[PDB]
């Protein structure tokens, strides 16, 4: 059903990622038509003498070759129009809607499909929609909704997985749960997601998108932490909570609180009051509230608009040495002094520095995802890009990232890397901890004994 390609453009694409650093080339690119084709190719790798590497590629948004299969085969999971798509379904047993999507589908295409078929949409997002479903579900998938709905791995009912033995398995909390929870946040280690059954809600029509400035980090974090505790026994709450660190030019640094209030035709009459009520309880700098009103799709697609402006300036295809950390809330204050003011004090081509807290209880502890041992933790995202055609810019950013990691290590901050870029066995053991490493290695022994899948992650050999 599927086809092997040796087209130089296909090989070049499969040999690179958004990070722009790791460049391991495969022998060929496989374009599947359906799940059985993926099963066939993985089956052949498993049965082969050498046991060649097989990695699925979503949209290639990896930072450090996580989707590369050195001298093996990259499965181009991007099918898209040609194949039939499942319509959203309502279930009286689940008390809501779901949709079956191909593992290679992009979230932007999923959104467009569910909106045009019942005005439905997933409840938990990423900031960027040009990512595959299989790709984000292999990590966590987080944005401003995760504090309330949990990550995208907490909003999936079932999967079809092609294991490292080329077997197709349907799994959920009730059927083959070890494979289901193993795959979720599993870094592609136990199989290729060919189908994901995504939870849906009735989509809002519009968004009231707010930004407010803070000079005091203690007031900023206290407000972020109070906002993510809202929504217990009904109660007024924002639908999205993010934040970012800003340089004063163009205190020494400012913190931007970013919130949204989702609304439709029924709630349009109470949106202005709900926003004013929630904002009154906050301690942002007076006269720094910036408001926008726009369609739900336009809000969710905001980062794609930033991308088009970057492509127009030749600033998109540059190295992206992006570092993502999960920081226990008990150590966030020290993080500001030492990193935002310390390491970063005094940015290459520039880029955002995201910061926002999440609730651990919205993350299922049975999944493979690694979070800090604290109820409240922050994502701290260093999304700074190198200058185009300037290798020294990438080196300076890489030294800054190592200084941030050294700062966390040296002060005993129990931070965990999100999209971990570890490569040494002792680094992976430390990342997971004894209990989780033991569950991870056992799942690997069972579902990918020859370590065929997602070898670019550099965990097993």
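Numbering follows the first chain given and starts at 1.
Of the other structures of this protein that model both sides of residue 349, a third or more give it no coordinates.
Coverage remark for residue 310: present in the model in all other entries compared whose chains are built on both sides, leaving no third without it. Unmodelled deposited residues between residue 250 and residue 251: 10 or more, per the record. A chain break between residue 80 and residue 81 is present, corresponding to 4 to 9 residues of the deposited sequence without coordinates. Relative to one another, 206-214 and 139-147 have unequal mean CA B-factors, and 206-214 is the one with the higher figure. Comparing 233-241 with 98-106, the higher mean C-alpha B-factor in the PDB entry belongs to 233-241. Comparing the C-alpha B-factors of 158, 364, 225, 266 in the entry, the top value falls on 266.
Comparing C-alpha B-factors across 28, 394, 419, 405 in the deposited entry, the largest value falls on 28. When the CA B factors of the chain's modelled residues are split into thirds, the value for residue 401 lands in the lowest one.
When the modelled residues of the chain are ordered by their C-alpha B factor, residue 44 lands in the highest third. The PDB entry assigns residue 117 a C-alpha temperature factor belonging to the middle third of its chain's modelled residues. Placement of the Cα temperature factor of residue 337 within the chain: highest third of the modelled residues, per the deposited record. Per the PDB record, residue ranking by Cα B-factor puts residue 410 in the middle third of the chain.
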